[PDB]
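The structure under discussion appears below in the form of structure tokens.
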Amino acid sequence: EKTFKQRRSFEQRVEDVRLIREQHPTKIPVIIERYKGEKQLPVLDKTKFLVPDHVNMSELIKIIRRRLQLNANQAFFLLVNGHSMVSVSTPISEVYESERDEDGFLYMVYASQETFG
């Protein structure tokens, strides 16, 4: 029930990224959490993801859909910073440039619907 930010101080998160970027300069560190209102999707067993920087959002989606092993008809969306729908053909490197957090991580929430209210 604690989020990644609630479990790891700023200082620790800065450090995770500073280091993982030194060691994997073409990989994007991503935090992927289940939406606090979500009812349909299973929980991932990890939170911190390292994604090659040339993968499109569409490809990350298809990967996480296989990590969650989903029926083809199950809806699945990634909402960058909990709220933004970025184009599925955006390379994850460009999403990282535009939407990274102050700690160096790129944050996303997954949910089974697209529009609330």
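Here the Cβ positions follow ideal geometry from the backbone for every residue, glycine too, while neighbour counts run over all protein chains shown. The numbers here are math on the coordinates, done by the rules we state, and not lab data.
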Starting from the amide H of residue 28, placed 1.01 Å from N in the peptide plane, find each other amide H under 5 Å away whose residue is 5 or more places distant or on another chain. 51, 53
Separation of the range 95-117 and the range 9-71 by C-alpha centroid, Å? 10 Å
Taking the chain as a Gaussian network, where each spring joins two C-alpha atoms under 10 Å apart, which residue of 16, 45, 103 fluctuates the most? 45
With the chain treated as a Gaussian network of Cα nodes joined by springs under 10 Å, which of 25, 52, 91 yields the largest mean-square fluctuation? 25
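Based on the Kirkwood radius over alpha-carbon pairs, what value in µm²/s does the Stokes-Einstein equation return for the translational diffusion coefficient of the chain at 25 °C and 0.890 mPa s?
In µm²/s, the coefficient is 167.
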Where Cα atoms sit under 21 Å apart: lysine pairs in the range 1-76 separated by 8 or more or lying on different chains: 16
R0 of 25 Å, Cβ-Cβ distance residue 53-residue 9: FRET efficiency to nearest 0.05: 0.40
Could you give me the ³J(HN,Hα) list for the range 83-92, computed from phi with Karplus coefficients 6.51, -1.76, 1.60 and θ = phi - 60°, whole Hz, x at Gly and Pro? 8, 8, 9, 9, 4, 4, 8, 6, x, 5
